[PDB]
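Read the structure below first, then the notes.
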Amino acid sequence: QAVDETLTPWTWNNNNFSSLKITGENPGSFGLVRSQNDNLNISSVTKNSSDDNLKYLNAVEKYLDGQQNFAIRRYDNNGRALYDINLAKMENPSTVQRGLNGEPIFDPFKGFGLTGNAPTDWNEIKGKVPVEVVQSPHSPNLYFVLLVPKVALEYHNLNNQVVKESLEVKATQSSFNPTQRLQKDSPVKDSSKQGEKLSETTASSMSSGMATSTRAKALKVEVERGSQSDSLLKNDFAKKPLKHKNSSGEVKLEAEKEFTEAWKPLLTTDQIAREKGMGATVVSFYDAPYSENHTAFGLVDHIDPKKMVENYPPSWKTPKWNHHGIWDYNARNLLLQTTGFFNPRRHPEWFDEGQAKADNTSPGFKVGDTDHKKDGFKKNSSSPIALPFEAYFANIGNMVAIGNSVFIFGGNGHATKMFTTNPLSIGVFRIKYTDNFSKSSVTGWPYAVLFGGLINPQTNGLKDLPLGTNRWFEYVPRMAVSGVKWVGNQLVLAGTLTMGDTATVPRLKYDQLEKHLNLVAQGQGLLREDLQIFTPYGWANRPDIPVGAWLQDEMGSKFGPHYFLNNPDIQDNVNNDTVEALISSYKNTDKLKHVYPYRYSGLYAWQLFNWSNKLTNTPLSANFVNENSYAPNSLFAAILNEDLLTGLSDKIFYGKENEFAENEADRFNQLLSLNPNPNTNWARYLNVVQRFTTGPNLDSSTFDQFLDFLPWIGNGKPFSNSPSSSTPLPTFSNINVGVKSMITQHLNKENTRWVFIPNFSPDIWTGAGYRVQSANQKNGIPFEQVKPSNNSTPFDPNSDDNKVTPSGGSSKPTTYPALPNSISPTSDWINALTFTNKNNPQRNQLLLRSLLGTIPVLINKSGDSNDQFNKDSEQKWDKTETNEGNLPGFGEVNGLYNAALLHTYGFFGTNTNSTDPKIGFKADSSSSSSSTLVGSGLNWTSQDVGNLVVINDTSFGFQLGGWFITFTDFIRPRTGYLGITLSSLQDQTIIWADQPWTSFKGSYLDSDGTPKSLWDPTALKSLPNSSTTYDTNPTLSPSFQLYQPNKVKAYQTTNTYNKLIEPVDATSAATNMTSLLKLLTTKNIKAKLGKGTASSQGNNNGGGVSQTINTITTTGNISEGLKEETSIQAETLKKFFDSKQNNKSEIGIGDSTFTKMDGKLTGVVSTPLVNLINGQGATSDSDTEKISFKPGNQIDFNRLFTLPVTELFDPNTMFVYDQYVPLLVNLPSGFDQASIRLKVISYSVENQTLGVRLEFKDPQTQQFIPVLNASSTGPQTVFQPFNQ
Amino acid sequence: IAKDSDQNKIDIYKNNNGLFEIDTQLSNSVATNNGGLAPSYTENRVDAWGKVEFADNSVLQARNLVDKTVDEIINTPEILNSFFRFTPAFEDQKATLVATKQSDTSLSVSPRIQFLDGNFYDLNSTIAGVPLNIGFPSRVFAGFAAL
């Protein structure tokens, strides 16, 4: 029962909890503690070949019950421990006895009444470790605590052949080649099935029009239900004239021939529900620090996985399928990509069978039969979304209490995250209490049905992020959660969030998979990366064209209007007269649809905008959702609607309004919104968010200008490049990059004076890799960029396919006379939303991954012998019109500039190391060339998010890897303020570690008014083995990826970027590039940058504390960089930043302050007066030493108790009258008698006994405190007339 | 107010700062009106009115309340409350006592109750001027001194 000093306070990685600050009637701390003993040999528990995970996990839990102890001790408001609470070892525990009104029976000096018997489920609960604690908002002395199996901590220490990665490194004995895991051969036309292709429209309706055209007519798509039971009469979306390659048998997604040692969860969602020892548990309990019966239990609830999985939407029973079905399914399977919306090929963490169901077959629907009319009907399902062990504990942690209920928002995932596997919080649980806390109920729901009410008006940051959904919840939001807290009157949630997939939205032309390996690998689950990768030349004209149209021009000699190569230079002018001929004739019905003769193409932002799940003005407004992100790729914070969260039902009911279409004829007229069938309640849940935020209160190109301002944590230098003509150029923004171009000759020459800029002269910086005839012709470019299919001569303007006859026969050409000056992935075009490559999703993805410091770079050359790339006489920043400026323009990370990113990282030149590492990229013109991506050398990842801490009534922030981030203005916005402030870590011994977040020991608000964070350079861990006996060219680690070869033709020596750089077969390329394939392992990047060993020097240990920069009402004011009156907002913000590169602290950007401490850092314990590191540094209550209760021999009882005790206090508030305070409490001379009084806590008039607690004005805070030293029994005492 | 079988039905809703959810428990109690203008009180069932269990006269002796005068006791907003135990039918629901003197040693006390509508209903309660005549139990307590 009493305190044991052998248990030491600690922080759990999954929630970063260490202690709860108790407040109200008796303040103090609860905090987690564990046994300090080393030599924990978990590998002594044998795993055989003939047994399953469950009896192994029970043997590990039983073994760890011998090797380790855990508890939640209470401390006073000065940091001093009271009682132990080792839940596995406490003697004769009990639940609390109740009155007939359900109230717990209580009297403060006696404590609670105990029933004399333990709670339910006590034999299986007692082994679990407590990991989070919270206090009731409305009920006194009432608390909740969360318990989990010991493997929810120790999972990282269990043996690697059961706790596998989602990928394997192998022996690499054939030499390493990352294409060996990739299905890569392209599909082909079926030599026996050509005749079923979509028909050309033989006659087209006049509609009383007059214009005419010679171009090939629209394709029909006919679909109708017919009279047969399980066949339509027509179903033209189901047509399938293509088939796969037969390279040593058929190429298709087929798990049983590919995953020979398939990854699967530790336990299934059904096992965790039935095996009561393996589920998480929340219990209510009661505590009183100075009673005889000081602690006892309330109620026990299991956080049952079936109460989450039976609350998933109907579409989550068929995650292999989506509401477009058959045509999308076939286009995906032909391109060798995932089908559905949340399939286990990308997201196995939520599936009971993991990689064993990572295939396109058996989608819950009839598909693949010999007749196109037979496909597209509902059937039985065998691979639904679940909640298996790894995802389950990431869905646990981050508690809050509201009314007669308590919630669980889930963790950051560091209960169960591995290097290649991403368990995350997918929803929220609730426990609700009934009959005055005599009874309970437990439930939970996924974030998809909660966040679906999000809209563009609900954020002061960027618009159009991929956070939208529809009547089918195929957008699946999940978070690494920082926490949930009260920010003054408003309840707030924070963390990092998954968007929809921004990267794989563009889709390949059917034959070209052999030359675009990264885009297919990123679609295959092989490249688990969410950053957008530039690949434009191999994309089809349109992602959504039905596959029966793809064969309409195999030669390319007609530039087949319905299906062709994506390039924007060669597409229609459809003017005042033209639309009535080429497209407005094809009217259609309840059983007919069409594909139109319009030529269509665009760059990455066109593809992304067209088929990503962007937010709009309306909610439920995303009828296309390409896929879901592998890991969190956004910051997040939001205001959560606490009374609506209190008022939502436990059970969620869906119906036929959330089912996918049962047949394709009902899919043909598919309503995007429909009435809930009024017994159902699913649509109520959408309104739990009032407001949200994602980054700075900035808009358009201004957000890219902010991206350049922050320092890179690998070296402390800004991405801006302006603090030092042959000088280098920035990576994210476009200001001062290339040349000032007059846009007055852009468009079809159509209208470009006062249109796009706040000033008389329309000057725009054209960016890197731009196209011009000459420096004298820097304004626009004329049409000359024609592309053949073979050597087959020009695109042929003024030909009959490029003409129409209008009313009165006055024919004219349907093509552009002039074009935009740039296509490069760095492009910013205010005037051209289809040639711009920057986008609002990418602006937020770049913000997060440049904070985490792990944006990759594109390479041709390593630092090795004869391989080297140079700073001098090999790069020309002033000549970005030609190959000597070394812009890749293919395989590059979107929105940014690679050579500038390489320079800011210091991969070439003396920027980051004492000698030139000579790693980089060069655009050669003499021969074909090969390329691949590599990491920055840093190891942080987007799940590395720590405690949400609330600073005051409107300001809050959190730790995020090497940063602390603050959302200072989100609750009460202002004009001219950026709304975010940031502090960087400084310690290179943390920043260059191989799993760096394991050194963070928790974050807290401190008594001097600053948030602070704990760090320990001794807490880092190596990789699972030392590579044993061989060089592991692939080394699985938290910043590794299987980046594929991209191969390309020679760059032109002049006019280099006037056309896109042409790709070639990459399937054999890996043998030509071995020096780059070795640099895929991030340890070799550290070795070549000089960071890989003790060569970093500095502190040998030096653990301790970190603190955010000082702040005032002026901090983050940028009102002179906002607005416009003489130029464009990003350009004046660039002028405003360039005088301030030496003085970033007034912008709210800079390095943290830091202080060292000796020994281990394990965790804080916190209370309203003080914070104690490791629980050391406790105090004598030095402000209150002179204050004490009078002892029983100093009281003359009949002087007090001649009057009944009924009138010694005010009945409306229970404080004792002022004159009787010095009659019961000793106080020093000259003391302020108004600063202290006594509160009655229990009494009985028939015994004349009065029980009291004292309250005093804290010198530090505008609030009352107890005086802890006031007696040998603490702040509580009793007085009675000699009758005790 | 709703009709399902051509017979009017009462279905009251628990309002939560704009959002309403079904509260059955309270709906049945209100429905039990016996054709009267207000729901009838039940001294053995948890009604809309709640449950009131009057304290015994023993308490008078116990707390030595005899010494207190009739007037004295009357002139007590909080002491009058000490003569019964109340279990409100809903949160924020309160019940009090109004004392009436019928003799120099015995006085009659009537119970005032809080309602869903936020109005206090007792014997003298009249909405639109018509007597509700609910019929709340009445108790008398005697044993007071003369000084």
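Ordering of the structure tokens sets the chain letters (A, B, ...); residue numbers start at 1 within each chain; ligands are numbered from 1 in the order shown.
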May I have the residues of chain A within 10 Å of chain B, counting only C-alpha atoms, written as a ChimeraX atom specification? /A:101,643-644,646-649,1204,1211-1212,1245-1246
Can you write just those residues out, N, CA, C and O atoms, as a short mmCIF file (atom, residue, chain, number, x, y, z; two decimals), in the first residue's frame?
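Result saved to again_10.cif:
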```
data_model
loop_
_atom_site.label_atom_id
_atom_site.label_comp_id
_atom_site.auth_asym_id
_atom_site.auth_seq_id
_atom_site.Cartn_x
_atom_site.Cartn_y
_atom_site.Cartn_z
N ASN A 101 -29.85 6.30 -4.39
CA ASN A 101 -29.76 7.27 -5.49
C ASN A 101 -28.52 7.09 -6.39
O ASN A 101 -28.24 7.93 -7.25
N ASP A 643 -20.97 19.80 -26.84
CA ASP A 643 -22.37 19.46 -26.52
C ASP A 643 -22.99 18.52 -27.57
O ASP A 643 -23.69 17.57 -27.21
N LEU A 644 -22.66 18.70 -28.85
CA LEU A 644 -23.04 17.78 -29.92
C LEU A 644 -22.33 16.42 -29.76
O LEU A 644 -22.99 15.38 -29.82
N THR A 646 -21.50 15.25 -26.86
CA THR A 646 -22.25 14.71 -25.71
C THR A 646 -23.62 14.15 -26.13
O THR A 646 -24.09 13.17 -25.54
N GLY A 647 -24.26 14.72 -27.15
CA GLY A 647 -25.61 14.39 -27.61
C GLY A 647 -25.73 13.32 -28.71
O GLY A 647 -26.83 12.81 -28.95
N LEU A 648 -24.64 12.95 -29.39
CA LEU A 648 -24.65 11.86 -30.38
C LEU A 648 -24.91 10.49 -29.74
O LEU A 648 -24.47 10.21 -28.62
N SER A 649 -25.62 9.61 -30.46
CA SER A 649 -25.99 8.26 -30.01
C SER A 649 -24.79 7.31 -29.89
O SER A 649 -23.80 7.47 -30.61
N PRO A 1204 -24.26 25.06 18.98
CA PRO A 1204 -24.25 24.00 17.98
C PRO A 1204 -23.34 24.35 16.79
O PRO A 1204 -23.27 25.52 16.38
N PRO A 1211 -24.20 28.67 5.66
CA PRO A 1211 -24.82 27.53 4.98
C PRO A 1211 -24.86 27.61 3.45
O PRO A 1211 -24.97 26.57 2.79
N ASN A 1212 -24.76 28.80 2.85
CA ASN A 1212 -24.79 28.97 1.39
C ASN A 1212 -23.44 28.64 0.70
O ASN A 1212 -23.40 28.56 -0.53
N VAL A 1245 -24.19 17.33 13.85
CA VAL A 1245 -24.64 18.22 14.94
C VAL A 1245 -24.95 17.46 16.23
O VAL A 1245 -24.69 17.97 17.32
N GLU A 1246 -25.42 16.22 16.13
CA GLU A 1246 -25.71 15.33 17.26
C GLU A 1246 -24.44 14.84 17.99
O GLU A 1246 -24.54 14.34 19.11
#
```
Surrounding residues of residue 46 in chain B excluding itself and chain neighbours under 5 positions, 10 Å, only C-alpha atoms, as a VMD selection string: chain B and resid 25 to 26 29 41 51 to 52 87 to 89
Show me, as JSON lines, the residues of range 1045-1081 of chain A having an atom within 12 Å of range 910-919 of chain A, each with the closest atom pair and its distance in Å, using only C-alpha atoms.
```
{"residue": "A:1075", "atom": "CA", "partner": "A:919", "partner_atom": "CA", "distance": 10.6}
{"residue": "A:1076", "atom": "CA", "partner": "A:919", "partner_atom": "CA", "distance": 9.7}
{"residue": "A:1079", "atom": "CA", "partner": "A:919", "partner_atom": "CA", "distance": 10.1}
```
Residue 412 in chain A: which residues within 12 Å, counting only C-alpha atoms, same-chain residues fewer than 4 positions away excluded, as a PyMOL selection string? chain A and resi 12-17+391-398+416-417+422-426+478-483+494-497+631-632+941-948+959-960+997
Write to file, as a CSV table (one decimal), in the first residue's frame, the residues of the selection just made, with N, CA and C atoms.
```
chain,number,residue,atom,x,y,z
A,12,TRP,N,5.0,7.3,-21.8
A,12,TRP,CA,4.7,6.3,-22.9
A,12,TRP,C,4.8,7.0,-24.2
A,13,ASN,N,5.4,6.4,-25.2
A,13,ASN,CA,5.6,7.0,-26.5
A,13,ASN,C,4.3,7.2,-27.3
A,14,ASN,N,3.2,6.4,-27.1
A,14,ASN,CA,2.0,6.5,-27.9
A,14,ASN,C,1.1,7.7,-27.7
A,15,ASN,N,1.1,8.2,-26.4
A,15,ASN,CA,0.3,9.4,-26.1
A,15,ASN,C,1.2,10.5,-25.4
A,16,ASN,N,2.4,10.2,-25.1
A,16,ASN,CA,3.4,11.0,-24.3
A,16,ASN,C,2.8,11.5,-23.0
A,17,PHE,N,1.8,10.8,-22.4
A,17,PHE,CA,1.4,11.0,-21.0
A,17,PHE,C,2.5,10.6,-20.0
A,391,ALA,N,-3.0,-1.7,-35.4
A,391,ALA,CA,-3.9,-0.5,-35.5
A,391,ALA,C,-4.7,-0.2,-34.2
A,392,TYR,N,-5.1,-1.2,-33.5
A,392,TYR,CA,-5.8,-1.1,-32.3
A,392,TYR,C,-5.2,-0.2,-31.2
A,393,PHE,N,-3.9,-0.5,-30.9
A,393,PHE,CA,-3.2,0.4,-29.9
A,393,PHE,C,-2.8,1.8,-30.4
A,394,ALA,N,-2.7,2.0,-31.7
A,394,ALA,CA,-2.6,3.3,-32.2
A,394,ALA,C,-4.0,4.1,-32.1
A,395,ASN,N,-5.1,3.4,-32.1
A,395,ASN,CA,-6.4,3.9,-31.9
A,395,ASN,C,-6.7,4.1,-30.4
A,396,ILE,N,-5.8,3.9,-29.5
A,396,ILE,CA,-5.9,4.0,-28.0
A,396,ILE,C,-5.0,5.1,-27.5
A,397,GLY,N,-5.4,5.8,-26.4
A,397,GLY,CA,-4.8,7.0,-25.8
A,397,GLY,C,-5.5,8.3,-26.2
A,398,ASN,N,-5.0,9.4,-25.6
A,398,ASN,CA,-5.6,10.8,-25.7
A,398,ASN,C,-7.0,10.8,-25.2
A,416,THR,N,2.9,0.8,-31.6
A,416,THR,CA,2.9,-0.4,-32.6
A,416,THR,C,3.5,0.0,-34.0
A,417,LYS,N,3.9,1.2,-34.2
A,417,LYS,CA,4.6,1.6,-35.5
A,417,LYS,C,5.9,0.9,-35.7
A,422,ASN,N,2.3,1.6,-40.7
A,422,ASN,CA,1.8,2.8,-40.2
A,422,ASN,C,0.4,2.7,-39.6
A,423,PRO,N,0.4,2.1,-38.4
A,423,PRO,CA,-0.8,2.1,-37.5
A,423,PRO,C,-1.0,3.6,-37.0
A,424,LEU,N,-2.3,4.0,-37.0
A,424,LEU,CA,-2.7,5.4,-36.7
A,424,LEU,C,-4.1,5.4,-36.0
A,425,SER,N,-4.4,6.5,-35.3
A,425,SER,CA,-5.8,6.7,-34.8
A,425,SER,C,-6.8,6.9,-35.9
A,426,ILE,N,-7.7,6.0,-36.2
A,426,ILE,CA,-8.7,6.0,-37.2
A,426,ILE,C,-10.1,6.5,-36.7
A,478,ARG,N,-7.3,9.4,-40.9
A,478,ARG,CA,-6.7,8.9,-39.6
A,478,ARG,C,-5.6,9.9,-39.2
A,479,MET,N,-5.2,9.9,-38.0
A,479,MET,CA,-4.3,10.8,-37.4
A,479,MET,C,-3.2,10.2,-36.5
A,480,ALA,N,-2.1,10.8,-36.5
A,480,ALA,CA,-1.2,10.7,-35.3
A,480,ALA,C,-1.6,11.8,-34.4
A,481,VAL,N,-2.2,11.5,-33.2
A,481,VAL,CA,-2.9,12.5,-32.4
A,481,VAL,C,-2.0,13.1,-31.4
A,482,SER,N,-1.9,14.4,-31.3
A,482,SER,CA,-1.2,15.2,-30.3
A,482,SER,C,-1.9,15.3,-29.0
A,483,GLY,N,-3.2,15.4,-29.1
A,483,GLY,CA,-4.1,15.4,-27.9
A,483,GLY,C,-5.4,16.1,-28.1
A,494,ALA,N,-5.8,18.2,-31.8
A,494,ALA,CA,-4.6,18.5,-32.6
A,494,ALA,C,-3.8,17.2,-33.0
A,495,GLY,N,-2.9,17.3,-34.0
A,495,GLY,CA,-2.0,16.3,-34.4
A,495,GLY,C,-1.5,16.4,-35.8
A,496,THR,N,-1.2,15.3,-36.5
A,496,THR,CA,-1.0,15.2,-37.9
A,496,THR,C,-2.0,14.3,-38.6
A,497,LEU,N,-2.5,14.6,-39.8
A,497,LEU,CA,-3.6,14.0,-40.4
A,497,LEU,C,-3.3,13.5,-41.8
A,631,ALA,N,0.8,7.6,-44.9
A,631,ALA,CA,1.1,8.2,-43.6
A,631,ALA,C,0.5,9.6,-43.5
A,632,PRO,N,0.5,10.2,-42.3
A,632,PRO,CA,0.0,11.6,-42.2
A,632,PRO,C,0.9,12.5,-43.0
A,941,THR,N,9.9,11.4,-38.9
A,941,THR,CA,8.8,11.0,-39.7
A,941,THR,C,7.5,11.6,-39.1
A,942,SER,N,6.4,11.8,-40.0
A,942,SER,CA,5.2,12.6,-39.7
A,942,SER,C,4.4,12.1,-38.5
A,943,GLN,N,4.6,10.8,-38.0
A,943,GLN,CA,3.9,10.3,-36.8
A,943,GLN,C,4.6,10.8,-35.5
A,944,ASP,N,5.8,11.4,-35.6
A,944,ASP,CA,6.6,11.9,-34.4
A,944,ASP,C,6.0,13.2,-33.8
A,945,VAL,N,4.8,13.1,-33.3
A,945,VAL,CA,4.1,14.2,-32.7
A,945,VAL,C,3.8,13.9,-31.2
A,946,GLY,N,4.1,14.9,-30.4
A,946,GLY,CA,4.1,14.9,-28.9
A,946,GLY,C,2.8,15.6,-28.3
A,947,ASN,N,2.9,15.9,-27.0
A,947,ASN,CA,1.8,16.5,-26.2
A,947,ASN,C,1.2,17.8,-26.8
A,948,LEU,N,-0.1,17.8,-27.0
A,948,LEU,CA,-0.8,19.1,-27.0
A,948,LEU,C,-0.7,19.8,-25.6
A,959,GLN,N,4.9,19.5,-29.5
A,959,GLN,CA,6.2,19.0,-30.1
A,959,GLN,C,5.9,18.2,-31.4
A,960,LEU,N,6.7,18.4,-32.4
A,960,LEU,CA,6.7,17.7,-33.7
A,960,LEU,C,8.1,17.4,-34.2
A,997,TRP,N,13.1,10.2,-32.6
A,997,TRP,CA,12.0,10.5,-31.7
A,997,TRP,C,12.0,9.7,-30.4
```
Write out as an MDAnalysis selection string which residues come within 9 Å of range 117-122 of chain B when counting only C-alpha atoms, dropping same-chain ones fewer than 3 positions away. chainID B and resid 93 95 110:114 125:126 132:136
For N, CA and C atoms, I'd like the residues from the last selection saved as a PDB file, in the first residue's frame.
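The resulting file, result.pdb, is reproduced below:
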```
ATOM      1  N   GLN B  93     -33.888  20.026 -11.615  1.00  0.00           N
ATOM      2  CA  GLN B  93     -35.164  19.960 -11.021  1.00  0.00           C
ATOM      3  C   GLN B  93     -35.062  20.093  -9.528  1.00  0.00           C
ATOM      4  N   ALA B  95     -37.318  20.961  -5.664  1.00  0.00           N
ATOM      5  CA  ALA B  95     -38.476  20.954  -4.862  1.00  0.00           C
ATOM      6  C   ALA B  95     -38.276  21.631  -3.535  1.00  0.00           C
ATOM      7  N   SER B 110     -47.146  22.706   2.217  1.00  0.00           N
ATOM      8  CA  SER B 110     -47.431  22.211   0.882  1.00  0.00           C
ATOM      9  C   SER B 110     -46.150  22.151   0.055  1.00  0.00           C
ATOM     10  N   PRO B 111     -46.013  21.169  -0.847  1.00  0.00           N
ATOM     11  CA  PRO B 111     -44.775  21.065  -1.630  1.00  0.00           C
ATOM     12  C   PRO B 111     -44.816  21.838  -2.938  1.00  0.00           C
ATOM     13  N   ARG B 112     -43.796  22.657  -3.178  1.00  0.00           N
ATOM     14  CA  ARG B 112     -43.591  23.310  -4.462  1.00  0.00           C
ATOM     15  C   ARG B 112     -42.539  22.533  -5.240  1.00  0.00           C
ATOM     16  N   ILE B 113     -42.724  22.302  -6.495  1.00  0.00           N
ATOM     17  CA  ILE B 113     -41.983  21.508  -7.398  1.00  0.00           C
ATOM     18  C   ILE B 113     -41.598  22.252  -8.645  1.00  0.00           C
ATOM     19  N   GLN B 114     -40.432  22.100  -9.174  1.00  0.00           N
ATOM     20  CA  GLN B 114     -39.971  22.527 -10.435  1.00  0.00           C
ATOM     21  C   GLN B 114     -40.407  21.595 -11.535  1.00  0.00           C
ATOM     22  N   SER B 125     -51.510  26.550  -7.782  1.00  0.00           N
ATOM     23  CA  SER B 125     -51.084  26.697  -9.166  1.00  0.00           C
ATOM     24  C   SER B 125     -52.292  26.782 -10.089  1.00  0.00           C
ATOM     25  N   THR B 126     -52.264  27.748 -11.004  1.00  0.00           N
ATOM     26  CA  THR B 126     -53.337  27.943 -11.971  1.00  0.00           C
ATOM     27  C   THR B 126     -52.742  28.536 -13.237  1.00  0.00           C
ATOM     28  N   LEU B 132     -55.331  23.602 -11.644  1.00  0.00           N
ATOM     29  CA  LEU B 132     -54.721  22.335 -12.032  1.00  0.00           C
ATOM     30  C   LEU B 132     -55.203  21.201 -11.137  1.00  0.00           C
ATOM     31  N   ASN B 133     -55.283  21.447  -9.831  1.00  0.00           N
ATOM     32  CA  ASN B 133     -55.796  20.467  -8.878  1.00  0.00           C
ATOM     33  C   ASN B 133     -55.058  19.139  -9.017  1.00  0.00           C
ATOM     34  N   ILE B 134     -53.726  19.223  -9.040  1.00  0.00           N
ATOM     35  CA  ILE B 134     -52.909  18.028  -9.227  1.00  0.00           C
ATOM     36  C   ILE B 134     -53.129  17.051  -8.080  1.00  0.00           C
ATOM     37  N   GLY B 135     -53.105  17.554  -6.849  1.00  0.00           N
ATOM     38  CA  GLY B 135     -53.315  16.715  -5.685  1.00  0.00           C
ATOM     39  C   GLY B 135     -52.025  16.233  -5.056  1.00  0.00           C
ATOM     40  N   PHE B 136     -51.084  17.147  -4.848  1.00  0.00           N
ATOM     41  CA  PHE B 136     -49.834  16.783  -4.200  1.00  0.00           C
ATOM     42  C   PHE B 136     -50.098  16.434  -2.736  1.00  0.00           C
TER      43      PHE B 136
END
```
CA of residue 927 in chain A sits from CA of residue 518 in chain A at a separation of 22.0 Å
If you count only C-alpha atoms, which residues fall within 8 Å of range 993-995 of chain A, apart from same-chain ones fewer than 4 positions away, as a list in words?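 Listing them by chain and then by number gives residues 938, 939, 940, 989, 1020, 1021, 1022, 1023, 1037, 1038 and 1083 of chain A.
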Picked from range 888-1060 of chain A by DSSP as strand (DSSP E or B), as number ranges by chain: A: 893, 920, 929-934, 945-950, 956-960, 963-966, 977, 981-984, 1000-1005, 1011-1015, 1046-1048
Residues within 12 Å of residue 625 in chain A, please, as JSON, numbers by chain. Count only C-alpha atoms; anything in the same chain fewer than 4 positions from it doesn't count. {"A": [322, 323, 324, 328, 339, 340, 341, 342, 466, 467, 468, 469, 470, 472, 473, 474, 475, 476, 499, 500, 501, 502, 504, 505, 544, 608, 609, 610, 611, 612, 613, 614, 615, 620, 621, 629]}
Considering only C-alpha atoms, state which residue in the set B:6, B:102, B:14, B:131 is at the smallest distance from residue 90 in chain B. B:14
Quick one: DSSP helix (DSSP H, G or I) residues in range 5-144 of chain B, as number ranges by chain? B: 24-31, 58-62, 70-74, 79-83
Emit the selected residues as a short mmCIF file (atom, residue, chain, number, x, y, z; two decimals), in the first residue's frame, including N, CA and C atoms.
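Heads up, here's the output in result24.cif:
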```
data_model
loop_
_atom_site.label_atom_id
_atom_site.label_comp_id
_atom_site.auth_asym_id
_atom_site.auth_seq_id
_atom_site.Cartn_x
_atom_site.Cartn_y
_atom_site.Cartn_z
N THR B 24 -37.84 9.01 -23.33
CA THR B 24 -38.99 8.22 -23.12
C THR B 24 -39.49 8.28 -21.70
N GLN B 25 -38.65 8.14 -20.74
CA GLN B 25 -38.94 8.05 -19.36
C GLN B 25 -39.91 9.12 -18.93
N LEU B 26 -39.64 10.34 -19.23
CA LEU B 26 -40.41 11.49 -18.95
C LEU B 26 -41.67 11.59 -19.76
N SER B 27 -41.67 11.00 -20.95
CA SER B 27 -42.85 11.02 -21.80
C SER B 27 -43.99 10.20 -21.22
N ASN B 28 -43.70 9.03 -20.66
CA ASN B 28 -44.73 8.21 -20.04
C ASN B 28 -45.32 8.87 -18.80
N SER B 29 -44.48 9.49 -17.98
CA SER B 29 -44.98 10.16 -16.78
C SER B 29 -45.95 11.28 -17.14
N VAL B 30 -45.59 12.09 -18.14
CA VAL B 30 -46.49 13.16 -18.57
C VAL B 30 -47.76 12.57 -19.17
N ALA B 31 -47.64 11.46 -19.89
CA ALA B 31 -48.81 10.85 -20.52
C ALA B 31 -49.84 10.42 -19.48
N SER B 58 -39.73 12.79 14.21
CA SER B 58 -38.62 12.41 14.99
C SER B 58 -37.48 13.38 14.85
N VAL B 59 -37.24 13.89 13.69
CA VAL B 59 -36.23 14.82 13.35
C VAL B 59 -36.34 16.07 14.18
N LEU B 60 -37.52 16.50 14.48
CA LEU B 60 -37.84 17.60 15.31
C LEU B 60 -37.18 17.48 16.66
N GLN B 61 -37.29 16.36 17.29
CA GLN B 61 -36.70 15.98 18.51
C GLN B 61 -35.21 15.77 18.40
N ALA B 62 -34.74 15.19 17.35
CA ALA B 62 -33.40 14.87 17.07
C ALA B 62 -32.52 16.10 17.00
N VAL B 70 -42.81 28.72 15.58
CA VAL B 70 -43.51 28.59 14.36
C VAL B 70 -43.06 29.63 13.37
N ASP B 71 -43.07 30.87 13.76
CA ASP B 71 -42.62 31.99 13.03
C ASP B 71 -41.17 31.85 12.64
N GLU B 72 -40.34 31.45 13.55
CA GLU B 72 -38.95 31.23 13.39
C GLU B 72 -38.67 30.26 12.28
N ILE B 73 -39.29 29.12 12.30
CA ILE B 73 -39.20 28.09 11.33
C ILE B 73 -39.69 28.56 9.99
N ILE B 74 -40.75 29.30 9.93
CA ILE B 74 -41.33 29.88 8.78
C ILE B 74 -40.34 30.76 8.07
N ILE B 79 -33.93 26.04 6.18
CA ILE B 79 -34.26 25.08 7.24
C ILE B 79 -35.50 24.26 6.88
N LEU B 80 -36.54 24.85 6.26
CA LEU B 80 -37.73 24.24 5.82
C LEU B 80 -37.48 23.06 4.92
N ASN B 81 -36.43 23.07 4.16
CA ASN B 81 -35.98 22.06 3.29
C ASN B 81 -35.51 20.81 3.98
N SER B 82 -35.20 20.85 5.24
CA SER B 82 -34.68 19.85 6.07
C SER B 82 -35.70 18.91 6.66
N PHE B 83 -36.91 18.86 6.18
CA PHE B 83 -38.02 18.09 6.57
C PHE B 83 -38.48 17.05 5.57
#
```
